[PDB]
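> below you'll find the sequence and an experimental structure to go with it.
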Amino acid sequence: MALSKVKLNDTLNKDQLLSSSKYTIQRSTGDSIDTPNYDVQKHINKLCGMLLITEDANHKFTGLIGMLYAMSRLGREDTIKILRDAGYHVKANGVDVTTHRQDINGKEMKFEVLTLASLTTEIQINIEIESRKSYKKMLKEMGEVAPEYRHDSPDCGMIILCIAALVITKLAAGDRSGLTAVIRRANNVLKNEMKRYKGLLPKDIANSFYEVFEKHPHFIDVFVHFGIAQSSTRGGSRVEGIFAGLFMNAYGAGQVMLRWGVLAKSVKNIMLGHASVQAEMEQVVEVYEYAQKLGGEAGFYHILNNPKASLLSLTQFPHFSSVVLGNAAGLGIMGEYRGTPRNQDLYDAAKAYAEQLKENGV
Amino acid sequence: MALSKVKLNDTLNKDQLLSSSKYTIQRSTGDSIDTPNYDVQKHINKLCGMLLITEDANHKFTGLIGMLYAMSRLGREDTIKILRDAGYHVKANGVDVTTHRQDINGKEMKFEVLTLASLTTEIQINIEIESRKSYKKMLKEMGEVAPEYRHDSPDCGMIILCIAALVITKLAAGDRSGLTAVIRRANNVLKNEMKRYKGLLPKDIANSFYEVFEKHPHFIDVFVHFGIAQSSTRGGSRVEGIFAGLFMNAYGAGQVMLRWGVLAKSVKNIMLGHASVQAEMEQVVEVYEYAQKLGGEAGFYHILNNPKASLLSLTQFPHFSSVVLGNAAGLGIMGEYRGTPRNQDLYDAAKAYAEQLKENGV
Amino acid sequence: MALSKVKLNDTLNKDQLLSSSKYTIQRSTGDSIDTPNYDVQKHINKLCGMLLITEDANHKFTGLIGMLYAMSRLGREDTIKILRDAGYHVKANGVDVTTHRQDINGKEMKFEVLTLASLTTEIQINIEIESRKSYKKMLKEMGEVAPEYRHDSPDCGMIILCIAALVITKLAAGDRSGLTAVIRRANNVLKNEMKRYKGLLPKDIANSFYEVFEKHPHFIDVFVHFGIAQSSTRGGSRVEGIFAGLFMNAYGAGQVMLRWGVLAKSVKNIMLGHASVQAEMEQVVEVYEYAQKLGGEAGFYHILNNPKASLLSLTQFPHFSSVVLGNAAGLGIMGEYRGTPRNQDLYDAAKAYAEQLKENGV
Amino acid sequence: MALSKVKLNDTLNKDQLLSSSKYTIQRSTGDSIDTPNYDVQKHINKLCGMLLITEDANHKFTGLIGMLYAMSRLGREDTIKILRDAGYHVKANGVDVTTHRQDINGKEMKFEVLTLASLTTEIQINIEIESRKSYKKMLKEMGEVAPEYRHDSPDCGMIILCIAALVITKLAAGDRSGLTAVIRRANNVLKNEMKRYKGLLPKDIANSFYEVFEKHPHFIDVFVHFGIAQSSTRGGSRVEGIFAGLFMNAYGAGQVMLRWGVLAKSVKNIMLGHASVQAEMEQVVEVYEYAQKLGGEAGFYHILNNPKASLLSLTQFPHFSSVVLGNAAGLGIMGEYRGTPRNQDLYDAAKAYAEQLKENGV
Amino acid sequence: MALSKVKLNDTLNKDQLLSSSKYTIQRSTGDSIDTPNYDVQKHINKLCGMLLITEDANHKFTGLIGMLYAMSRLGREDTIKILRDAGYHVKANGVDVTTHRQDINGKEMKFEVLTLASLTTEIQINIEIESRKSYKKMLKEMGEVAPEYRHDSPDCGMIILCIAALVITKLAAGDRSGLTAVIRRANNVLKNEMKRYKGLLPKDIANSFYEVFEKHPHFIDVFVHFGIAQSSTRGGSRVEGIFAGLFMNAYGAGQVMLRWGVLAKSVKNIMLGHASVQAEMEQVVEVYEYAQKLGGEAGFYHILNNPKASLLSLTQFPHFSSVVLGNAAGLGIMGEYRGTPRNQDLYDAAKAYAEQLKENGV
RNA sequence: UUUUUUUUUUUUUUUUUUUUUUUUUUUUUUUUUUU
């Protein structure tokens, strides 16, 4: 009857507001960050292969190198386009290949290097020298190495970006907490690669990536759109296939409570007949409809500092949050989720109901 | 049938009337309030950092200083634009950096200061001296301070503006009543900051802000639009993140009764079958439609002296107001809302119904 | 079918007729009523403050003084404009500040006074003397008065105009009947002001205002447009905000029956199925449409002698009027509305239905 | 299809014909009827006040006197203009104030009188003498009379013109039939006036007015336009409002059948499905459209001998007239309307239907 | 498509033809018919009053006398103008008042008479003598007669012209057939006049008028334009309104079939789907458009011998005429219209349909 | 060929207004596991 139209869609109104605000704040530093093109991908892959075959190398700039691989795989104009869509005021320090001369210990030698505002030909040739030394050492004691053991093979950048995906998985919390689980998974898979190569320091690579993402954030959006584009394609090697599964596994972070609530719904937890949640039913329905409307680009918000993610938190609905938490904990799956309820009574009640309901499960 | 068009939209008619009145009253004082630009933000941030690291400093002009930070972050032309939209007759006393000479206790020293019609180089250098003294004292007994303990770090203005948001939350009542809850929340959060710095007098900062807002009101609109613009952006630090959540938490003040009425609706309180509210159903529906039409810019009205807010008060609908109050109190959530009903009988009846309905909740 | 166009819009035809009549009657007295400008507002506010702080003063010309405050706040040209729109033939006796010399009891003293065709410097200095005497008396027995206790504060004219709004509320009846309710409300609010000052004689002020409005009517339109303009603004204090709520509360006088009819509609009173009102349905619909078309400037008609208000009276529809009256009385809200129905049977029937319907209200 | 344009608008054709006839008949008597101006209004009001305060005076020329008041309130040029628009051949015997000398019973006294072609200074001084005598008698037995009891007050002419409006109400029939209802309505109100003054002979005033309107007709148009102009104004008193309501109540005389037909339509009387009225539907629609087109100046036709009023009579549509009559009589509101139907069967049928439909009205 | 322009407007072509024929036939008798002016109207009215008050007078020349009254009311120049527009070759025998001497039975007496080429002073004085005799007889047996019983009153000519209008009503047939209905109506009205006077022989007056119109036709056009001019005026009495209504009632004679066809259309007679009338639809539409174009001066054609009236006869459309006749007769309103159809089958069919449709009328 | 009957219009009731009433007032950052 007439009551049905008594409503208030504060969420939609906030959305409209933040979408149309008429004003803007600016930093506009004016940086001149680099951007390569399709050409130097081969040199970069060879470099990553050297840095992989070499043992115990200081995997410091590895995350940077992988981001450069990504930008080269993408394209100058496309990178610039997404950056301008993101709203930046930066420039394109074009990259250029060149030879470097160095009288190494009484020998003039040619050295393939790239001009950059962040790299140094010194460390480049150091890397190349160490790779050459341990590579000839590897040639010793067997006579020859396979093609799948040398820097020339093409899967190196994808191997690094797999770890990058493992890190962007847990960057939601992003406090160097999930490093242990990251290492655990990276050893659970990639065993073939860990035996085929040796310059694999997962902890060091992850720390490097953490530093990179903590300082320069725009690489986040870069890597995101790169992974999305790579997934949409159907081409690539075995590593590219695993990479896509890993990347997509990190969909929908900072949104777990919604799915757990759907879970407790599908289990038919009795406690939802309580008036204290039957009230909030309306608003929770409305936010669910909002998420359904947004559809695709919904899971990657909390990855970023996108301000519209705060809407999708049921922490403001304490009774609902607490009952869902109690249900999931009674199911014995909330391993170490450092959350908290509000109505401890409802939490304990739902937990007791669930554990009672499971043991007598036919 | 024919009865459906018997209507009278007094609210819309009042809206049209006040929108088009043909006349205006003016004060037009002719003040020459200052306005900085993007340049001096660094000096101001350093100043706020000094005033933060220093202990037990008289946080008197801190609210003013934060407003100056805000105007500098915004822009001269934008501030002037919003002021003219607000309908002011003021001028732009441009700010200028300069050095000040002072033979401090037998030593001529240079002193970074800004010409202003509100500030004094004397108190500026006093602040700087006190900061330097306690900073070298902090350098004692440890040997060195971290970069996150010195005035040079960039989060100071945002730290102050967080408290500013906590204050504009309760400025709706605006009688220095919510100061206790403000302090409570400011200690519930910002514990990291309270340990990282020491010049934190929340009560004093809040009193300063109260004085500032009580005297000069235009800073209200300034701070509002500033927070809105900052929220719409996404590029920010952790402090900028917390600030946006805090600011948005103060959306929709002086409108709580609408949401509580929606609550009592969603609970299906039996008492709304009463004819004495079935009558007023029409007008309450109409005002709800008006609010839905206005959409976004609806919650910030009561923050201001905007005259159109008086429409959105259901106090003129006594039966509806009383039943909603009784329902919410029966739910045991109306903590200390100093309201009053009219039909005490309906109030008590709804409260009894609700408390009866909760205890037997399955 | 063809019957739908059988119609007769006597209301619209009367409207057109009275709008275009080709002739006019004139009085054209040729008065020289005064008009100040923005300058003397401060002196007038100080005068009102004196007349407020002084005790038991004969609040005789207070309504006149408040109207002068209003004209000064408005502007000479604007007052003249609205008067010419109202169709007057008066002149502008310009006001001028000056000093007056008077050897008070052996002392020559200067006296701030304004030349006027209504005021006298004698009574002006009498007021000032009494204010000074009781002000120094107030300074006794405490040592000092606060700034919010002296004539210098700026809220005096608004304080008077609040009572003016309370009076123009009930001026529709305008027979000195609502004075009791006026006093009741004026004591229900303004308690802070009644304790902060003492020259508050609400009955005397109201009688003064009644005399003023009974004699000079043009001040009615003046005060109306003044209140409208003040409400549209936002820059104001507590008193200014209260004033606007009070003024707007008097919207739509002599039109209560329409809203009560809407009420009885929303309650679905069974008696409207009667043919004796199903007939008049058409004309009542038409007048409702006329009111909806006029929209804003509809509620202030009965305040004035505007001749077009007689249309908006359902007294000519006796059956409808009587049923609405009976319904509202059965709801027990028609307190003392000295009205009368025509069909006493329908009146009693609707009342019985309503009271039957309320007691069994679920 | 093609049938829709088979039409014949005899009404419009008659209208065009009578509007353009090329010829004219003339009487052109050449009278020299008087016309005053704004000056003598005060003397005339004093005279009417004398004739009101005096008891049992022969209210013979009172209607004439009121018409003179009206012409004085209007203006010489305006009266002449409307008369020439009406198509007269008369002159303007200008009025002039003067003193008259008369040795009353051994005393020479001055007597304010006006030269006129219809008045006599003798009867003027007789009136003044009688007023003076009973006025001093009224001064006896109380000591003093109020200002609202003497001839000097300004509402006398309006008091007379109220009765004039009551008479022009029923002048449509204009056979001295409605005198009883007129007296009843003069006692329904004006009770305050009947107690405040005593020279009130409603029957005598009405007979005087009847004589005046029966002889001189042009005063009809005069009084009409006067009332219209007075209504359009707003500046007035209680008597002025009363008068306007009374005057407008006489709008639309000799047109009641149209409104009663609209009534029977809005009730949905079943009998209109009869073919014998479905036929005449077209012409009745056409005349209704004609009336809607004329709009405003439609109700005052039957007041005059304007020849175009005969169009707006549904007596020529016997079936429609009879069914409407039967419906209205079945509603029990056609009190004493001395009409007649044609199809007595349809009349009785509709009456039976209506009375059947009312008693079972839910 | 192309077929729409296949047309033939024989009616318009005949109209153009008869309008422009280039030739003329003439009689040009050269008569010297009289014409009075405004002066003798009073004498003529007195004469008619004598001839009315006198009993059983031979109302032989009464129609002539009334026509002379009409010409006197019109004007010499205007009569001559309309006659020349009608295309006559006559002269103006001016009328002149004079006294006649006659030694009546031994008494020389003065006798008011007018020189005329049709009248005789002998019969004039005979009329006057008879009037005087029966007038003094009327003075007997009551003592005095009222002013509304003597020849001096002014309504006599209008009283005669009312009967003249009743006759010109039925002159369309003009075979002394409608005399009975004429007498019936003349007794249905004018009862007041029939009791107030006695020289009223309606049959004799009508026979006189028939003779006059049968012999001299130009008086027809005279009387027509006179009635039209009198109707357009408004300044009149009861007899004038009566006369105008009567005159206008005779509008549109010899055109009844058009209106009856419109009637049968508005009833939606099924038989018009027949192809035999769907064919003639075009031409009947065209003549209807022609009549609509002519507009006003359309109804008075058949009154005259104007040759253009033969167009407006649907007798040449036999199927349409017969179906309309059958419809109207089935409605039971074609009382005694001595017409005839052509398609008797269609006539009977439509009649049966109509009478079937009426009895079952809801 | 054409035309073809019926008929003046008006008629009752009635000024309008009339009550109650400033609004605000509470709590709250969000994220956190497994593949």
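That came through fine. Numbers count the residues shown, from 1 in each chain, chains lettered A, B, ... in the order given.

> can you give me the helices for the stretch 251-362 of chain A?
Here the stretch 251-362 of chain A has its helices, by DSSP state H, counting those that start in this stretch, at A:256-266, A:275-278, A:281-294, A:318-330, A:344-359.

> ok, and what's touching the shortest one?
In this case it means helix A:275-278. A:271-272, A:317, A:319-320, A:323, A:343, A:346, B:266-267, B:331, B:354, B:357-358, B:361 (C-beta atoms under 8 Å, 6 or more residues apart in numbering or on different chains). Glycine gets a C-beta too; all of them are placed from N, C-alpha and C.

> those residues, buried ones only, as a ChimeraX selection?
To isolate the buried subset of the contacts of helix A:275-278 in ChimeraX, counting by 16 or more other C-beta atoms under 10 Å in any protein chain shown, use the following:
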select /A:271,272,317,319,320,323,343,346 /B:266,267,331,354,357
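
> what's the closest of the contacts of helix A:275-278 to residue C:102?
Residue C:102 has its nearest neighbour among these in residue B:331, at 70.3 Å by C-beta to C-beta.

> surely that closest one and residue B:354 touch.
Yes. If you go by C-beta atoms under 8 Å, residue B:331 and residue B:354 touch, sitting 5.6 Å apart.

> which residues do those two both contact?
Contact criterion C-beta under 8 Å, 6+ apart; residues shared by residue B:331 and residue B:354: A:275, B:267.

> any idea which residue of the stretch 201-350 of chain A lies closest to chain C?
Going by C-beta to the nearest C-beta, chain C is nearest to residue A:275 of the stretch 201-350 of chain A, at 18.8 Å.

> number of residues surrounding that residue?
With neighbours defined by other C-beta atoms under 10 Å in any protein chain shown, the count for residue A:275 comes to 18.

> and the helices in the stretch 51-200 of chain A?
For the stretch 51-200 of chain A, applying DSSP H, counting those that start in this stretch gives helices covering A:62-74, A:76-86, A:121-139, A:156-170, A:179-188, A:191-196.

> which secondary structure elements does the first one contact?
It refers to helix A:62-74. Applying 3 or more C-beta pairs under 8 Å, 6 or more residues apart in numbering or on different chains; DSSP states H and E, one finds that helix A:62-74 makes contact with strand A:34-35, helix A:41-53, helix A:156-170, helix A:202-215, helix A:218-232.

> nearest to chain B, of those?
helix A:218-232 (9.0 Å).

> hang on, the earlier thing: pick the most deeply packed of the helices and strands packed on helix A:62-74.
Highest mean neighbour count among the helices and strands packed on helix A:62-74 (mean count of other C-beta atoms under 10 Å in any protein chain shown): helix A:156-170, with a mean of 24.

> so how far does stretch A:323-338 reach from one end to the other?
16 Å (C-alpha to C-alpha, to the nearest Å).

> how far off centre is it?
Relative to the centre of its chain, stretch A:323-338 is centred 25 Å away, using C-alpha atoms, centre = their mean, to the nearest Å.

> tell me the residues on the stretch 101-250 of chain A that lie near chain B, please.
Counting by C-beta under 8 Å from any C-beta of the partner chain, the stretch 101-250 of chain A comes close to chain B at residue A:217.

> repeat that for 10 Å
A:217-218 (C-beta under 10 Å from any C-beta of the partner chain).

> stretch A:55-70: which residues count as buried?
Neighbour-count burial for stretch A:55-70, counted by 16+ other C-beta under 10 Å, picks out A:55, A:57, A:59, A:61-70.

> sorry, back to before: and the helices of the stretch 251-362 of chain A: which comes nearest residue A:90?
Nearest to residue A:90, of all the helices of the stretch 251-362 of chain A, is helix A:281-294, at 28.8 Å by C-beta to C-beta.

> quick one: the closest one near RNA strand F?
No. Using C-beta under 7 Å from any atom of the strand, helix A:281-294 stays clear of RNA strand F, coming no nearer than 11.4 Å.

> what's the answer for stretch A:251-259, then?
Yes. Using C-beta under 7 Å from any atom of the strand, stretch A:251-259 reaches RNA strand F at A:253-257.

> could you dump these into a markdown table with neighbour count added?
Formatted as a markdown table, the residues of stretch A:251-259 next to RNA strand F follow (neighbours: other C-beta atoms under 10 Å in any protein chain shown):
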| residue | neighbour count |
| --- | --- |
| A:253 | 18 |
| A:254 | 15 |
| A:255 | 19 |
| A:256 | 14 |
| A:257 | 20 |
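
> nearest to residue B:46 among those residues?
Nearest to residue B:46 out of the residues of stretch A:251-259 next to RNA strand F is residue A:254 (C-beta to C-beta; 34.9 Å).

> tell me which residues touch that closest one, please.
With contact taken as C-beta atoms under 10 Å, 6 or more residues apart in numbering or on different chains, residue A:254 is in contact with A:172-173, A:299-303, A:309, A:312-313.

> try 8 Å this time
A:172, A:301-302, A:309.

> same question for residue A:105.
Applying C-beta under 8 Å, 6+ apart, no residues contact residue A:105.

> quick one, phi/psi of it?
phi 30, psi 50 (degrees, to the nearest 10).

> ok, residue A:237 touching residue A:153?
No. In this structure residue A:237 lies outside contact range of residue A:153 using C-beta under 8 Å: 9.6 Å.

> tell me the residues of chain A that contact RNA strand F?
A:169-170, A:172-173, A:177-178, A:181, A:184-185, A:188-189, A:249, A:253-257, A:302, A:309-310, A:313-316, A:333-340.

> what is the neighbour count of the residue in the stretch 51-200 of chain A positioned nearest to chain D?
Per C-beta to the nearest C-beta, residue A:87 is where the stretch 51-200 of chain A lies closest to chain D, at 61.3 Å. Applying other C-beta under 10 Å, we find 12 other residues in the vicinity of residue A:87.

> can you tell me which residues contact the nearest residue to it once chain neighbours are set aside?
Leaving aside its sequence neighbours, residue A:87 sits nearest to residue B:235 (C-beta to C-beta, 6 or more residues apart in numbering or on different chains; 7.8 Å). Neighbouring residues of residue B:235 by C-beta under 8 Å, 6+ apart: A:27, A:87, A:217, A:305.

> I'd guess the first one is in a helix, am I close?
No. Going by DSSP: H, G, I helix; E, B strand; the rest coil, the assignment for residue A:27 is coil, not a helix.

> give me phi/psi at it?
Dihedral angles (degrees, to the nearest 10) for residue A:27: phi -100, psi -60.

> re the thing from before, possible to save the residues of stretch A:251-259 next to RNA strand F as a markdown table with distance to residue A:110?
Below are those laid out as a markdown table (distance: C-beta to C-beta, whole Å):
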| residue | distance to residue A:110 |
| --- | --- |
| A:253 | 47 |
| A:254 | 50 |
| A:255 | 53 |
| A:256 | 54 |
| A:257 | 58 |
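
> now, which of those sits nearest chain B?
Closest approach to chain B among the residues of stretch A:251-259 next to RNA strand F (C-beta to the nearest C-beta): residue A:254, at 12.6 Å.

> ok, now how distant is that closest one from residue E:256?
For residue A:254, the distance to residue E:256 (C-beta to C-beta, to the nearest Å) stands at 91 Å.

> just residue A:160 next, same as before
106 Å.

> and if you look at residue A:32?
Taken as C-beta to C-beta, the span from residue A:32 to residue E:256 is 101 Å.

> same question for residue A:33.
Distance from residue A:33 to residue E:256, by C-beta to C-beta: 99 Å.

> what's the answer for residue A:204, then?
Using C-beta to C-beta, residue A:204 is found at 114 Å from residue E:256.

> now do residue A:283
Distance, residue A:283 to residue E:256, using C-beta to C-beta: 77 Å.

> which one of the residues in chain A is closest to chain E?
For chain A, C-beta to the nearest C-beta, closest residue to chain E: residue A:1, 37.1 Å.

> dump the helices of the stretch 51-200 of chain A into a markdown table; add distance to residue E:44 as well.
Formatted as a markdown table, the helices of the stretch 51-200 of chain A follow (distance: least, C-beta to C-beta, whole Å):
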| stretch | distance to residue E:44 |
| --- | --- |
| helix A:62-74 | 116 |
| helix A:76-86 | 104 |
| helix A:121-139 | 137 |
| helix A:156-170 | 120 |
| helix A:179-188 | 129 |
| helix A:191-196 | 136 |
